[PDB]
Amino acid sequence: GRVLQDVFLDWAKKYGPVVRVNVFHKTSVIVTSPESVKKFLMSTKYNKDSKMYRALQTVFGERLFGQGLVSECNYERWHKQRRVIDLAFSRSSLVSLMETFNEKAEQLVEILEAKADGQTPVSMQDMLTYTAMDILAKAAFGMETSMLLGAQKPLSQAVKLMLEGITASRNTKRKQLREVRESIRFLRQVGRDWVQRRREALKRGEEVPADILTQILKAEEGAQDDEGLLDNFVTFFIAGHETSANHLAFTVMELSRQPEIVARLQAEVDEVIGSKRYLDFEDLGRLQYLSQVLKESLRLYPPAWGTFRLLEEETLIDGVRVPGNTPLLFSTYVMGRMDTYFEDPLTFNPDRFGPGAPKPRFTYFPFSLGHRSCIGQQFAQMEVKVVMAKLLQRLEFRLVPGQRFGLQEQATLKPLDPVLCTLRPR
């Protein structure tokens, strides 16, 4: 259960802060000094490398993320979508999402409580993925997928294959090619239909609370076809649930072998929310220790391990001449595991993020940094606190003997094993 990132870690440690590599069968330079991270990520002068993102824009010759918000590299084209889409992420937009967050988390916990007999194995990876998908579908596009309740099996199956498609396409077979193409076309069709269903409600003068769909449509205002829209549809559908689910899955997985931390987490949910059923916005800020545990989870287990920038002009980086036209790779996974940046890096220790501790300085970036940072950071941090808070209040988890703690790389990092647990009530 090692990943290509673990090899980059070995080389960063051994060959220093500037290392030429092969990723996606392409030359790049991995750059792992905090000073280089600041200089390149913190300036609008450096932009994403279209070359490295082509594997999201299209897969197996089927259009996927296209020139959506993640995969668009040109600053001006990106800046135009971002300025608009940003509105759906205001403090007030996010406050409004609390209900969706509580509703899905509650439904999750209820489903789990029904299986909490200590004998039924439950894939926490699958359940968390269904939750995150149901949350995203509702919060972003105003649709109920009810995957938690067994619905939309074809859609979840389509996301699954598509993800494996992204996995096979850039790294490594007859049916897979067909399945993946079909899955990508199904996803884009799903988006067609949900855009239509929104348009027809609007056509009949119905009222629509501003959301992500509202701003994606709005950014597509004046285009002859809606292919840009479906790009942004698939972008958010995927990016707005997969990393959250992976992050939750890693956190649950790790906590199963951290009883003392669970005890403090439990003690904390009690003090701040009690046995209350609904979490208020202001409740989130007070779950400070849960916050540290999630931060520490992202340090060791970042679903999105890093990012690429195009270095346009030959530049000196930490004493090494790097030629112009070179993709720079930045890895929060790598830096998180280097003892030069984090003491005893392999130890899961949430006190690293405790009150009074200096904040890691450009050595930790699970949502990236600068202008290309994650638009959904706060959205994500909120949903996962809501979900974990409810789990911690009501349930205890035990990993099914034989479950491993390792990682795998699909389109993101996620647990190698499905996180099979048996459940008991707290």
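Think of the rigid core as the biggest set of C-alphas that the two forms share within 1.5 Å after superposition. Residue indices: 1-based, along the sequence shown.
> Core-superposed in 8 other deposited structures of this protein, which stretch deviates more in Cα positions, 200-208 or 349-357?
Higher average C-alpha offset in 8 other deposited structures of this protein goes to 200-208.
> Comparing 158-166 with 80-88, which has C-alphas lying farther from the shown form in 8 other deposited structures of this protein once the core is aligned?
More C-alpha displacement in 8 other deposited structures of this protein shows up in 158-166.
> Would you mind checking whether any residues of the deposited sequence sit unmodelled between residue 92 and residue 93, and how many (none, 1 to 3, 4 to 9, 10 or more)?
Per the record, no deposited residues are absent between residue 92 and residue 93.
> When the Cα temperature factors in the entry are averaged, is it 310-318 or 327-335 that ends up higher?
It is 310-318 that shows the higher mean C-alpha B-factor.
> Which of the two stretches, 291-299 or 178-186, shows the higher mean Cα temperature factor in the record?
Comparing 291-299 with 178-186, the higher mean C-alpha B-factor belongs to 178-186.
> I'd like to know which of 351, 103, 113, 164 has the highest C-alpha temperature factor in the PDB entry.
Among 351, 103, 113, 164, the highest C-alpha B-factor in the entry belongs to 164.
> In the PDB entry, which of 80, 241, 138, 247 has its C-alpha at the highest B-factor?
Top of the list by C-alpha B-factor: 80.
> Considering every modelled residue of the chain and its Cα B-factor in the PDB entry, is residue 414 in the lowest, middle or highest third?
Lowest third, going by the recorded CA B-factors of the chain.
> Would you please rank residue 216 by its C-alpha temperature factor against the other modelled residues of its chain and give the third it falls in: lowest, middle or highest?
Tercile = highest for this residue's CA B-factor.
> How does residue 345 rank on Cα B-factor within its chain, lowest, middle or highest third?
CA B-factor rank for residue 345: lowest third.
> Hey, what third does residue 389 fall into on Cα B-factor, ranked over its chain?
Tercile = lowest for this residue's CA B-factor.
> Among the chain's modelled residues, which third holds the C-alpha B-factor of residue 269?
It belongs to the middle third of the chain when residues are ordered by C-alpha B-factor.
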